[PDB]
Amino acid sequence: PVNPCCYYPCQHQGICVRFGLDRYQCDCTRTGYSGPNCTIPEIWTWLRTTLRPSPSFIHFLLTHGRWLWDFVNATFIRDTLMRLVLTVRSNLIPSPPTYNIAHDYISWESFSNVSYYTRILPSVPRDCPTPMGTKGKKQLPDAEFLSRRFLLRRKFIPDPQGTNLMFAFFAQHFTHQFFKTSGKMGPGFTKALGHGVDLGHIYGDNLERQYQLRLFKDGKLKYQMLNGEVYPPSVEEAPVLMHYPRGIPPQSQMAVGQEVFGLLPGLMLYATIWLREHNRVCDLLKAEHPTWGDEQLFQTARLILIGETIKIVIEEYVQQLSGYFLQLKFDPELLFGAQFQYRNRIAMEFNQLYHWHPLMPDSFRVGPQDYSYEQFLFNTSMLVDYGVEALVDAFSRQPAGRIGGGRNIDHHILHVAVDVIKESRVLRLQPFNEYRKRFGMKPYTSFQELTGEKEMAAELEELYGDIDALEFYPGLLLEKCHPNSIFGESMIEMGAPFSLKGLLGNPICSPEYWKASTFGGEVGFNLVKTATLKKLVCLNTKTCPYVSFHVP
């Protein structure tokens, strides 16, 4: 008998429980729907859905009428909407977390074993006819082929939103604190046990490593002076494990939180800015609290940067990426009246989705000089050569490529996308259309409806066989972009919930922690409350370059 749950019978988040040898049951508890497949709505569920304007309609209003938005951004209504975006978006992400690579059911082990990435939809039952359940071909498209046909960059397509490399590297740096797949354990396993903005990519994903990077004086982090400038310490001074190519000596490697950050000047640039920033804040506190020791200085410094990080991400990073006219705001207090759980768990779907590799350019222009991937990648000297200001101004001026759209991943890193597709299949992620529905969208009815065109659509169709067999990642990247946008509808509708929950679900956002004393007084508190990308860079550099997420 075919596993009845391969048909994904239960709608609206209802749970498909298998009974007997051939039956199944949908647990529609609190779905707002009744019936065998959770399809008969309640009068209230019926209104709400039938009155909800499409994602596209909303996106429109948010990116138009600058004049209207200007007023709004100046009234209490800005908060009202910000609170709405926050709650509405978050309800989509389950808390406490549900399934993991090992359990497609709730279990104490899933709830407690933090080494697993969680997942929103259980996997495609291993006993289904096809790889995606019931539809599609018995074999899925060669990952590599699929990668060269539709993802490979032919000619560079820049992002129309004006996003640059300063933002592209910020995203890479940022996300690599919570996405840290255990190579030793396999897919579905993470080393980033903080599952969120713990700033472990600065301090270490484990206590020992933290102690190694710590100066143990004034709460300061170790470092070194080169050209009279401050840079991360050497692997010699701070004997921490880093991933540098064989043959590179300790004395020649810089020690930072994330082991992998040595493979790119853009990453190590950001590691330098934040190391600079931690020690700076350590001084502000010491002045205020001479009685404080190293630990408390260190500990309070870390909480301040965590707050700084969450602010800049919401108000500048996400502001850029959304391209909204509504002025986003970071105020943990808008949630103090809501029923919100300050807890977060990195989902595997979120890791797939954040493989924004198409951002990377064809080359890296640093002034009159233009560097190749082969000159940029692994270059252990470019940062100290140019210095923070020089690289920040550079990345801030060079445009980053479009994310959504198709065929815009530079050939040098196209292997990553191939791997992402293969991993998706190991994890046995459900079809793109299932996630569409799961995140409140209607599933695509044709490959053309998805792509918005006819060439690719037709080939994808002849490859997948059924739109209902289109995979999660390919579907996200090949889906048509919103007009003049960096990506399309799905990336926002699916990525935002995961994103907003992970920022607001941080314990420092809870009323219990959001107190001036948590940060060491008004001083530390305002550092958080007023954090800004320019301040972050500029208060830590001899001069202040063009610093922005938008290309000039």
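Only the largest set of C-alpha atoms that superpose within 1.5 Å between the two forms is called the rigid core. In case it trips you up, residue 1 is the first one in the sequence shown, and so on.
- Of the two segments 86-94 and 462-470, the one whose CA positions lie farther from the displayed form in 5 other deposited structures of this protein, once all are superposed on the rigid core, is 86-94.
- Looking at 303-311 and 477-485, the one farther from the shown form in 5 other deposited structures of this protein by average CA distance, after a rigid core fit, turns out to be 477-485.
- According to the PDB record, 20-28 carries the higher mean C-alpha B-factor of the two stretches 5-13 and 20-28.
- The PDB entry records a higher mean C-alpha B factor for 331-339 than for its counterpart among 331-339 and 103-111.
- Of the candidates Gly307, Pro160, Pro431, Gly367, the deposited coordinates give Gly367 the top C-alpha B factor.
- Highest C-alpha temperature factor among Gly219, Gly188, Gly452, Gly266, as the PDB entry reports it: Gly452.
- When all modelled residues of the chain are sorted by CA temperature factor, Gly406 is found within the highest third.
- Remark: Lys138 belongs to the highest third of its chain, ranked by C-alpha B-factor as recorded.
- In this PDB entry, the Cα temperature factor of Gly495 sits in the bottom third of its chain's modelled residues, the lowest group.
- Among the modelled residues of its chain, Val72 has a C-alpha B-factor that falls in the highest third, as given in the PDB entry.
- When the CA B factors of the chain's modelled residues are split into thirds, the value for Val528 lands in the lowest one.
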